[PDB]
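> Take a look at this one; I'll ask things after.
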Ligand SMILES: [Zn+2]
Ligand SMILES: [Zn+2]
């Protein structure tokens, strides 16, 4: 711990407790004065302070009984899925049963109903078919005692049982009632007037067939139609609805939606039960994609002879399907078809009578609308790449083509245009077919433009993913292996497909050379027989906490957002993986912050040591004002509509009970570690299993490698966060006050660094007007222009000595935060803050590596990205992998995927990925080009060093002339220059002037400078500049230079006159150095706090 206080962190009294106690999962000293108590519950009860801890005790005890009961009545222990479901059941929570192929939902439903009836609770079990009612009641009756009132209802019911069920359901206080969905639909009013504690729905689709059934099931727990209709109007509007806090419903449990959850009705579950009826979108895949260069049926024969069994062939059309079918039939292979004898061959393949199934892209995907046996399909063969083909003529042209063409050409003025109308609009404007196809070849990058036969081929990645997916799912807790083979000869098509597969599924396609068929077939078969074995369960549930919503969204993109529980302030998503379930949620920033209330501006002092005091953050959803103090309304606009991180914290504490293991996935910096600690410390009394993961990339790889890096919270980083925060708080407050008494305004000084930088700008104004040195520009005859010192008047330049040398020029290292901000904000006409934000969205959308780095280091994987991209662009001989740095916390800002900006624009306009502005694309382009240059070969150049005499001055001039051999100059331009000959060049034009030696600052120049001086860190750079702008201390002019205002000058003048020590660059740098030493556990936390205090105490007197 760091010995600090958190305001609502007590597990029992719900109040203030120290970091150190929560760490030991203890209540506050008020609740329990003792150091190391014997047993918490017992001791709380003894001191008569037992309050909220009871909930947890009773929770644990009410669950461990369930588990115990289940382990007694049934075979063995609970599966991970059933474990999480059980923990949700004792909380009375309603949910979908998110899980793979037959994890035993019916077993859980039964044992739940049984365990509840054991207490006196009444439950109902709903099934689609009338046969399932029979089978379930059968299994129930033999395990249930006489104490349990069991009834049933279905089609083939008896003559006295049908009425027995009705009278008993009317008065006789039943326990468990097993019936069909038909009964629900038919006897709506009867059930609606009854109250159930537990309702188990086996098939959600059958019950969602009617709209009436939603209201029926909702009224089966005790919810009036008033709340239902009000919520209905709210969901008809387009916003969320709030359940009355005074409501205690039963437990509704359903399975995953097979078909799409169509309609408005399911939203009632989102407000009344806080669970969404999700569809099973399982992205869990273990497929090996191999590509064969030729559509040779001989290769196909050889492959088929290796695979032998359970092969699925996909043809583009049925014609090539029939052709392939004939060729294989002739070569004596047990084969089937989908076009002729669909059902017969389908089931014959299902059983094993057929080894090879040949289908079409559109035929199979629609015939298999029912079953689709996964335990049979090991290998998927693609006879050609699945793709969408369009014609490139002035006629036969699709909408999106003429759209992207005319929008760029200039015609598209936005008024929605009919296709044939657009054809007739382009029929006059740059109209030839030749001109057209050329505009298409020029615009469309990341598709295949067959300009030969006038065609456009767009590989259907989705279809490939689904179809390939048919060879790998989760069976008996085992994610079985599958091989997907593609037979493609067109390199352009294969490359396009590969890029969009890497983009969406992050899955690679390998070549036939780098693939051992014997080994692969073996892995497949072995995993299959491993799943055939008797399962002993390894599945666990896992909670992953991140700070920003974007991270959660892109995480859901590769984990698959099946269902989303709305828990107070947050939205926790759930996903199915091969290792078990996986819950992930976003905090939506910081939770705690230093209190302004007491001690030394929030920092208290006891026993010679400093104690930081934190309180939950509150943000008014109206005006946007943030505060720490506990108030009912907004201190500014007096509004009650606020966001309280204490609710978020409570929500986390709730979720933490269901999860077996927890991982905090905040950013890999001091900020992130501090948040991670504010969270882990708070949760620590609730869950014993809490660890830390640092994701440098927001992708499956970043995540896997992040979990390789699993560790506990590093207190040195937390300590460093604290120190920096305390410095800004103390110095900021003191200086700001001193300014309140001089310039009227309250909040003015954000810290020391800010004032230092502003000082740089202010005095720069002075030293700029003084650098005014007289100069002269010279346009030389059939040569370059030369910039030389003022007084020249000879009109002739003589060449004195001339020497040339061959040299290989190295590219610039990859972007770091400083580099990226400077170059990008210079090349673009943007502020460093705008750039920093674009970078943040870029990292958070998993497109680049961590954007807050002071290292240029590049891993073998980064180098590999560069390599594959170069191999893709054909210029792979120019690849030169460079680590760039050994000393590195993180890597430099680089792309995560070998995809350029143009291809991304294509994927965006196409609709594969979304949410990227033009600015994002341009920034990405800059990062990309920098990185590749840094990974491309050294450009071999012949440069000359010309010594020239101009007006009795021997002045050398070094210039590159010939580029002997290309390299990184393809990404980042390399400028040549006309050769000088050892003669006399005459001056054409002399443009005399006086431009300044020391130029003004630009935002880029300021960042560069503070990086050059050792002031600020990667996180603070842009924020510092922006603060300077927000406070009105600085402005930008015509040519976008940074200039101080009247106010800024007044302020820095005051601060320099009086408080020069606390604004001096030497002091700022010395402190920056020391704090950074604290971050590495090289300098003492409490000691530097003592230092900052000792200078603050000195400042309170001046
Ligand atoms: Zn307490
Ligand atoms: Zn407000």
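Quick note: numbers on chain A are straight from Swiss-Prot, i.e. 2-1103, in order.
This deposition comes from X-ray crystallography, 3.5 Å.
Backbone N, Cα and C define each Cβ position, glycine as well.
The active site, O-(5'-phospho-DNA)-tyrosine intermediate annotation in Swiss-Prot covers 851. The Zn(2+) 1 binding site annotation in Swiss-Prot covers 11, 14, 29, 32. What Swiss-Prot lists as ADP binding site is 75, 78, 83, 103, 105, 106, 107, 108. The domain 'Helicase ATP-binding' annotation in Swiss-Prot covers 87-242 and is backed by sequence analysis. Taken from Swiss-Prot, the feature domain 'Helicase C-terminal' covers 300-522, and the record attributes it to sequence analysis. Taken from Swiss-Prot, the feature domain 'Toprim' applies to 542-699. Swiss-Prot lists 715-1101 with the feature domain 'Topo IA-type catalytic'. Residues or ranges marked as region 'Insert region' in Swiss-Prot (evidence: experimental evidence): 223-250. Marked as motif 'DEAD box' by Swiss-Prot on the basis of sequence analysis: 203-206. If you look up Swiss-Prot, you'll see 618-645 marked as zinc finger, on the strength of experimental evidence.
Are these features on the surface or tucked inside, and what touches them?
A C-beta separation below 8 Å, combined with a sequence spacing of at least six in one chain, links residue 851 (active site, O-(5'-phospho-DNA)-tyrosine intermediate) to 668, 669, 697, 698, 844, 891, 892, 894. Secondary structure from DSSP puts residue 851 (active site, O-(5'-phospho-DNA)-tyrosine intermediate) in coil.
The Cβ of residue 29 (Zn(2+) 1 binding site) lies under 8 Å from the Cβ of 11, 13, 14, 16, 17, 18, 19, 22, each on the same chain and at least six residues away in sequence.
Residue 107 (ADP binding site) counts 17 other C-beta atoms within 10 Å of its own C-beta, drawing on all protein chains shown.
Long-range contacts of the region 'Insert region' (223-250) within its own chain (CB-CB distance under 8 A, at least 6 residues past either end) are made by residues 93, 95, 196, 216, 265, 268-269, 271-275.
Below 8 angstroms of C-beta separation, residues 97, 106-107, 110, 126-129, 133, 182, 255-260, 278 of the same chain, each at least six residues beyond the ends of the motif 'DEAD box' (203-206), sit close to that stretch.
Broken down by DSSP into helix, strand and coil, the zinc finger (618-645) contains 0 helix, 8 strand, 20 coil.
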> Pull the DSSP breakdown for the motif 'DEAD box' (203-206) and write it out as helix, strand, coil residue counts.
2 helix, 0 strand, 2 coil
> Cβ distance under 8 Å to residue 75 (ADP binding site), same chain, sequence separation 6 or more: which residues?
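Long-range Cβ contacts: 108, 112.
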> C-alpha of residue 78 (ADP binding site) to C-alpha of residue 32 (Zn(2+) 1 binding site): distance in Å?
37
> Just going by other Cβ atoms within 10 Å, which of the binding-site residues 103, 105 has the emptiest spot?
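Across 103, 105, these binding-site residues, the one with fewest Cβ atoms within 10 Å is 103.
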> If one looks at the chain holding residue 83 (ADP binding site), which residues at least 6 apart in sequence have a CB under 8 angstroms from its CB?
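In sequence order, 71, 104, 105, 108, 109 meet the Cβ cut-off.
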> Would you mind listing, in sequence order, the residues at least six apart from residue 32 (Zn(2+) 1 binding site) in the same chain with a Cβ closer than 8 Å to its Cβ?
11, 13, 14, 45, 48, 50, 52
> Please determine which of the binding-site residues listed here (11, 14) has the lowest count of neighbouring CB atoms within 10 Å.
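Least crowded of the binding-site residues 11, 14, by Cβ count within 10 Å, is 14.
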> How many of the residues that make up the region 'Insert region' (223-250) does DSSP mark as helix, as strand and as coil?
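Helix/strand/coil tally for the region 'Insert region' (223-250): 13 helix, 0 strand, 15 coil.
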> With the Cβ atom as the reference point and anything under 6 Å counting, tell me which of the recorded positions (103, 106, 107, 851) are near ligand 1.
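None, as no Cβ falls under 6 Å.
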> How would DSSP class residue 103 (ADP binding site) in three states?
coil
> Using all protein chains in view, find how many other C-beta atoms are within 10 Å of the C-beta of residue 108 (ADP binding site).
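If we count other Cβ atoms within 10 Å of residue 108 (ADP binding site), we arrive at 15.
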> Given the ADP binding site residues 75, 78, 83, 103, 105, 106, 107, 108 in the record, what is the largest Cα to Cα distance, rounded to whole Å?
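Between the most distant Cα atoms of the ADP site, 17 Å.
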